[PDB]
Structures are given as structure tokens and as C-alpha cells.
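Taken in order, the sequence shown gives residues 4 to 125, 127 to 261; the numbers are from the authors' numbering. These notes are about the structure you will find just below.
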Amino acid sequence: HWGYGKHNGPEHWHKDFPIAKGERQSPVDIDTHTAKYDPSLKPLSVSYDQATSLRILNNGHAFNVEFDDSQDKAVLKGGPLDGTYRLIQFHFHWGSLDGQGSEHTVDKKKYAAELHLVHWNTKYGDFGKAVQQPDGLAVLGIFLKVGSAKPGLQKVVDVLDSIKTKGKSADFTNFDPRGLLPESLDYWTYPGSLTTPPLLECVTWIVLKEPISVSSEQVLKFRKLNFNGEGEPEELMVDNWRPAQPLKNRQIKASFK
Ligand SMILES: CCCc1ccc(S(N)(=O)=O)cc1
Ligand SMILES: OC[C@H]1O[C@@H](O)[C@H](O)[C@@H](O)[C@@H]1O
Ligand SMILES: [Zn+2]
């Protein structure tokens, strides 16, 4: 199956997922000079006060922090979005070295990692139906750069030892995702896709301009995870990012002037 290596990585995905060569694939490079302020964007509302985290899972590609999405609790509204999008999970993409790891790039610059908070449009009832819709998902993307530690990330870092290998999970209740945000909600937005198979073209991307800082020690612990399962040869979970894809017939809009 698919992965990030030479023999199963992004350059191979199109053979089983032909939409990999589609018209609205993600990530993209964000050319900041060409992105245009859009006065039609409404204020963005990130409402995570009642979020209910449940579990953290090593799925063999990254680790996912999962939320209870059975009611309107943690939601994203406003900005480019029509209606209410409910938080279901977050995960990261990161590099083997601090100079790469992000999926989106900013004027071609790669960050050390990228956080994706994944939400589905409640008008479609369930995540599975939402991924059959052009406006089914909204992903809030946040860049990570290496500098000072991010206190709200440390609980994640410290549980990774217990989910080292593919298929391992651990309880992860009472985690507040508000601690992963930067100060500013300035953002860029464009229509795109999932960045892993099945690469479905369902996503409104909202990429924050301000990165968060994490410490070298924090990201080094991400890099100690394993792609492999328990009892199998160790393959460090690094470089689990898809490179930028063609922009095609799209425009990136900015929330700021
Ligand atoms: C079942 C699909 C799950 C899924 C794949 C990829 C992403 S991402 N990297 O945020 O575009 C989010 C959800
Ligand atoms: O025709 C003019 C329009 O062109 C579009 O491509 C831009 O997104 C709009 O901001 C602009 O007003
Ligand atoms: Zn992602």
C-alpha cells in the first residue's frame, strides 16, 4: 500500500488514485504576492472551547488525535465557509530535518512541519458523506518552525512513546487544541484536496499565515515514531509530506489586506 518511500510515495500514488493528477490537488505553493485580499470573506470563527478529545492513534503514516464529533462542540465557521464544520481529528506532517516537512509552502519556503485540523460540513451528516461533496471538508493548516517550545504541544509529545508503531493507540482525553494555535488568525484559502490517498477533492483549505514555534526537542520526538508495526524492522516516521502540486485553475485568497 501507499506510503512516503521511494517505492510507494507521492510519485506512485496516481496508479491507484488517479485523482492524484486532478484539477484541485493539495498541497500547493502559496505565492504571497499573487494571493489577493478578498473582502467577501467573513470573520473566521474557531470555536474549540467544548472540544472532546478521545484517543491518539499511530496509523502507519502519522499520528491522529481524534475527537468526539457526535455533536456540535469544536467547530469552525466563517471565513470562506458556508455553515458549520465539526472537528474530527488533527495530525501533523514533518521532516527528517528542520528544513523540510511542511506540505504547503510559502513563496517556496518549507517549514519544519504542518498541523492539519480536519473538519466536516455538518449539512452532510457524517464524515463519509462529506467526502462525497465538493464542500465536504475544511482543513485548518498551521505551520511549525523550530524555536521556543509550544507548551500546548507537550502533552502530545509525551504520549508518543506509547504509540511508537503502526496500529497502536492510547487514551487522549481532555486535550485542548486551542493550545496549538498562533496568536493571529490571518490566513490564505483555496479549494483543494486531501493530501494523502484517497486524495479526494473535497477540501476548503484555510492556511494560517503565522507559524507556531515548537522546540527542537519536541519535533525530534515526532521523528522517533515508526511507520512499521511492532516486531517489524524499524522505519522512522519522517518525511511524511506530499510536495506542492500544480495550482491549475485556482486563486489563493487572503483574509488580510
Ligand atoms: C480518510 C481520509 C483521511 C484524511 C486524509 C488526509 C487529510 S489531510 N492531510 O488533512 O488532507 C485529512 C484526512
Ligand atoms: O473579473 C475580475 C475578477 O477576476 C477574478 O479572477 C478575481 O478573483 C476577482 O477578484 C476579480 O474581481
Ligand atoms: Zn494532513
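From the three backbone atoms N, C-alpha and C, an ideal C-beta is built for every residue, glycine too.
Coil, strand or helix - residue i by DSSP
i	result
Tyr194	strand
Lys127	helix
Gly171	coil
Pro46	strand
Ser29	coil
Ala23	helix
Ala248	coil
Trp97	strand
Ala116	strand
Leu240	strand
When the options are compared against residue i, the one with the closest alpha-carbon
i	options	result
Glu26	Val223, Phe226, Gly235 and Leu198	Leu198
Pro215	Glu238, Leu185, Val223 and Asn232	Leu185
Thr177	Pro30, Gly6 and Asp71	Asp71
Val68	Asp85, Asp75 and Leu90	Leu90
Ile146	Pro202, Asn244, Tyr114 and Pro250	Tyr114
residue 3	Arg246, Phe231, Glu236 and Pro250	This structure cannot settle anything about residue 3, because the visible part of the chain is limited to 4 through 261.
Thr35	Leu212, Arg246, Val218 and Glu238	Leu212
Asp19	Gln28, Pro202 and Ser152	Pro202
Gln74	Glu187, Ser56, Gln255 and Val218	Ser56
Bridge partners - residue i, DSSP secondary structure assignment
i	result
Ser56	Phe70
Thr208	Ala142 and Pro195
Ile216	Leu148
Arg89	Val78 and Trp123
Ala258	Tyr40 and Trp192
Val109	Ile33 and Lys112
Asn61	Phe66
(message) I'd like to know if the segment 116-123 and the segment 158-173 are in contact, where contact means that at least 3 CB-CB pairs between them fall below 8 Å.
(response) no
(message) Just to be sure I understand the criterion: a residue counts if its Cβ is closer than 5 Å to at least one heavy atom of ligand 1. Which residues meet that?
(response) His119, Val121, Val143, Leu198, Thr199 and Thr200
(request) Mind the definition here: the segment 206-224 touches the segment 7-14 only if three or more C-beta pairs lie below 8 Å; say whether that holds. (result) no
(request) Spell out a yes or no on whether the segment 32-42 and the segment 247-261 are touching, meaning 3 or more CB-CB pairs, one atom from each, closer than 8 Å. (result) yes
(message) Check whether the segment 132-144 and the segment 164-171 are in contact - that is, three or more C-beta pairs closer than 8 Å.
(response) no
(message) Three Cβ pairs or more, each shorter than 8 Å: is that satisfied between the segment 100-109 and the segment 69-83?
(response) no
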